[PDB]
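Shown next, in C-alpha cells, is the structure this report addresses.
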C-alpha cells in the first residue's frame, strides 16, 4: 500500500500463534510459516510460537496485535506464508494538540 | 512480607529427569560444587530428556513471584552432554505471559570460569491464574516461589552503617 493521502496513516495487523502443529496445518497448511512487514523505517520478521497456553476466553493460542504509522509517500508491504491477520481499515490521522483521554463515569450532556 | 513455598517439590515433580547433577563450580559451597537454592538445573536421566510439562494453579489469595532460568551451553557437544536434544525449546506461559526460548549455543568469554550463560527470568502470577512450563531442554526450573504482600512505606537503601 502506497500512501497517496497527504497525512499519516495508522495501519494495524495481527499475528496468530496456534496452540498445536495440527492447528497450524488446519488453518495455513505450512508448519514453517513466516510473516514479514516492512516500511521505509519499520522492518520485522515474525515467526509463529506454536505452544499450548492457559485458556483465557476459551482459547489456547494467541494473537499479537501490531501497529505502525506510514508517512506520506511511504509504502507498507506485507508478505506471509501464514499466520497473518491482514488490515482491512486504516486510519488517516490529523494531529492538533489540546486533546486527551480521560477516565470518568460522568454522564455526557 | 514474603512467604517462600515449594512450587515444585524436588522429590515428586521431576520423575523423568535428574535433579541432582545440576551443580557447577561457579556456585561453590564450602569448596563443593553447588547451585541456587530456589532453582533446580535439570539434566538428562540416562541418554534421554523427555518433554517436560508442568503447571501451577495459584490457590493462594495473593500474588506469587516465580523465577526460572534458561541455560545456553558453549558448544553443541555440551548441549548433548546435558540434554541430548540439539534442537531444544522452552515455553513459559500465564494468562498474560507467553514466551518461547531457544538456546543460543556459542562460546562466550570466560567469566567465573564459564563459557556458557544463564539468563534469569521472573513473573508474577495473580490469584486464580496458572503458570505453565514446557521444555525439551535448557530449563532451570523453580523450586521455591514467593507469595508476596504489598504495603507502601518500604524501600531499598545502600548503606555501610551498622544495625542496632
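Protein chains in written order, with PDB author numbering: chain C, 168 to 260, 260A, 261 to 275; chain A, 117 to 121, 121A to 121C, 122 to 132, 132A, 133 to 260, 260A, 261 to 275.
A virtual CB, placed ideally from N, CA and C, is assigned to each residue, including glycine.
Considering Cα atoms alone, identify which of the options is closest to residue i.
{"i": "residue 253(A)", "options": "183(A), 170(A), 145(A)", "result": "183(A)"}
{"i": "residue 190(A)", "options": "257(A), 242(A), 155(A), 213(A)", "result": "155(A)"}
{"i": "residue 200(C)", "options": "206(C), 213(C), 242(C)", "result": "213(C)"}
{"i": "residue 229(C)", "options": "240(C), 242(C), 215(C)", "result": "215(C)"}
{"i": "residue 219(C)", "options": "188(C), 269(C), 172(C)", "result": "188(C)"}
{"i": "residue 240(A)", "options": "168(A), 159(A), 221(A)", "result": "168(A)"}
{"i": "residue 204(A)", "options": "186(A), 159(A), 181(A)", "result": "181(A)"}
{"i": "residue 159(A)", "options": "130(A), 217(A), 121A(A)", "result": "130(A)"}
{"i": "residue 164(A)", "options": "197(A), 260(A), 117(A)", "result": "197(A)"}
{"i": "residue 217(C)", "options": "210(C), 225(C), 192(C), 207(C)", "result": "192(C)"}
{"i": "residue 152(A)", "options": "121A(A), 227(A), 143(A)", "result": "121A(A)"}
{"i": "residue 119(A)", "options": "268(A), 267(A), 259(A)", "result": "259(A)"}
{"i": "residue 128(A)", "options": "137(A), 117(A), 166(A)", "result": "166(A)"}
Straight-line CA distance for residue i to residue j?
{"i": "residue 232(C)", "j": "residue 250(C)", "result": "12 Å"}
{"i": "residue 275(C)", "j": "residue 265(C)", "result": "18 Å"}
{"i": "residue 255(A)", "j": "residue 195(A)", "result": "20 Å"}
{"i": "residue 234(A)", "j": "residue 272(C)", "result": "39 Å"}
{"i": "residue 246(C)", "j": "residue 122(A)", "result": "47 Å"}
{"i": "residue 243(C)", "j": "residue 260A(C)", "result": "19 Å"}
{"i": "residue 209(C)", "j": "residue 170(C)", "result": "15 Å"}
{"i": "residue 139(A)", "j": "residue 132(A)", "result": "16 Å"}
{"i": "residue 269(A)", "j": "residue 133(A)", "result": "36 Å"}
{"i": "residue 124(A)", "j": "residue 173(A)", "result": "26 Å"}
{"i": "residue 227(C)", "j": "residue 211(A)", "result": "14 Å"}
{"i": "residue 142(A)", "j": "residue 267(A)", "result": "30 Å"}
{"i": "residue 225(A)", "j": "residue 144(A)", "result": "15 Å"}
{"i": "residue 137(A)", "j": "residue 157(A)", "result": "21 Å"}
{"i": "residue 202(C)", "j": "residue 150(A)", "result": "39 Å"}
Please report the Cβ distance between residue i and residue j, rounded to the nearest whole angstrom; I am assuming they are in contact, meaning their Cβ atoms lie under 8 Å.
{"i": "residue 223(C)", "j": "residue 175(C)", "result": "Residue 223(C) to residue 175(C), Cβ: 33 Å. No contact."}
{"i": "residue 178(C)", "j": "residue 257(C)", "result": "5 Å"}
{"i": "residue 206(A)", "j": "residue 221(C)", "result": "6 Å"}
{"i": "residue 135(A)", "j": "residue 146(A)", "result": "5 Å"}
{"i": "residue 161(A)", "j": "residue 248(A)", "result": "7 Å"}
I want to see whether chain B comes within less than 8 Å of residue i, judged by CB atoms only; does it?
{"i": "residue 167(A)", "result": "In the structure shown, chain B cannot be found, because the protein chains are C and A."}
Open item on the list: By the 8 Å beta-carbon criterion, what residues does the region 219-237 of chain C contribute toward chain A?
Closed with: Residues of the region 219-237 of chain C whose Cβ lies closer than 8 Å to any Cβ of chain A, in chain order: 219, 220, 221, 223, 229.
- [ ] Check each residue of the region 203-220 of chain A: if its Cβ is closer than 7 Å to any Cβ of chain C, include it; give the result in chain order.
- [x] Residues of the region 203-220 of chain A with a C-beta atom less than 7 Å from some C-beta of chain C are 203, 205, 206, 207, 210, 212, listed in chain order.
Task: chain C contacts from the region 238-250 of chain A (Cβ-Cβ distance under 7 Å) - done: Answer in chain order: 242, 244, 246.
Task: Entirely enclosed beta strand (DSSP E) segments - the region 170-254 of chain C, minimum 3 residues - done: 175-184, 202-205, 210-213, 229-237, 244-247
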